[PDB]
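As structure tokens, the structure follows; a few thoughts come after it.
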Amino acid sequence: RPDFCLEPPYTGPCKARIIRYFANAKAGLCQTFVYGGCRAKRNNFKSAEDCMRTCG
């Protein structure tokens with residue numbers, strides 16, 4: 001369990017509505033959040049599978 005798996009999701013400063021996945025260390029799940037389109041941090045996956053393999 002990489003340290004970035006405990007990070008809160010980061011929308012960032014851009015204004016697009018892009019759905020990505022973040023690992024929710026609290027719920028033990030990978031959930032959907034709204035990504036802004038720029039300045040992505042590491043706890044940001046394109047699929048739940050990628051998220052689960054990395055952080056689950």
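We label chains A, B, ... in the order they appear in the structure tokens, count residues from 1 in each chain, and number ligands from 1 in the order shown.
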Original post:
If you run DSSP on this backbone, which residues of chain A come out as helix (DSSP H, G or I), and could you give them as a ChimeraX atom specification?
Top reply: /A:3-6,48-55
Subject >> Distance query range 9-11 of chain A at most 9 Å, only C-alpha atoms, self and fewer than 3 positions along chain excluded, as a list in words >> reply: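 Counting only the stated atoms, we get residues 14, 21, 22, 23, 24, 33, 34, 35, 36, 37, 38, 39, 40, 41, 42, 43 and 44 of chain A.
Proximity to residue 51 in chain A at 12 Å, evaluated using only C-alpha atoms and with sequence-adjacent residues fewer than 2 positions away removed, yields residues 1, 2, 4, 5, 20, 21, 22, 23, 24, 25, 28, 29, 30, 31, 32, 42, 43, 44, 45, 46, 47, 48, 49, 53, 54, 55 and 56 of chain A.
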Original post:
Just asking: which residues within chain A are strand (DSSP E or B) according to DSSP, as a PyMOL selection string?
Top reply: chain A and resi 18-24+29-35+45
May I have the selected residues written with C-alpha atoms, as a PDB file, in the first residue's frame?
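What landed in result-v7.pdb:
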ATOM      1  CA  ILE A  18     -13.425  14.030 -16.297  1.00  0.00           C
ATOM      2  CA  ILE A  19     -14.373  10.996 -14.257  1.00  0.00           C
ATOM      3  CA  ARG A  20     -11.431   9.171 -12.717  1.00  0.00           C
ATOM      4  CA  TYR A  21     -10.890   6.762  -9.839  1.00  0.00           C
ATOM      5  CA  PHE A  22      -9.219   7.382  -6.454  1.00  0.00           C
ATOM      6  CA  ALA A  23      -8.518   4.871  -3.678  1.00  0.00           C
ATOM      7  CA  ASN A  24     -10.517   5.626  -0.506  1.00  0.00           C
ATOM      8  CA  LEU A  29     -12.799   0.997  -2.031  1.00  0.00           C
ATOM      9  CA  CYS A  30     -11.881   2.778  -5.308  1.00  0.00           C
ATOM     10  CA  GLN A  31     -14.415   5.551  -5.971  1.00  0.00           C
ATOM     11  CA  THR A  32     -15.115   8.047  -8.710  1.00  0.00           C
ATOM     12  CA  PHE A  33     -14.280  11.721  -8.439  1.00  0.00           C
ATOM     13  CA  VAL A  34     -14.345  14.676 -10.799  1.00  0.00           C
ATOM     14  CA  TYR A  35     -10.916  15.455 -12.286  1.00  0.00           C
ATOM     15  CA  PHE A  45      -6.778   6.117 -12.011  1.00  0.00           C
TER      16      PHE A  45
END
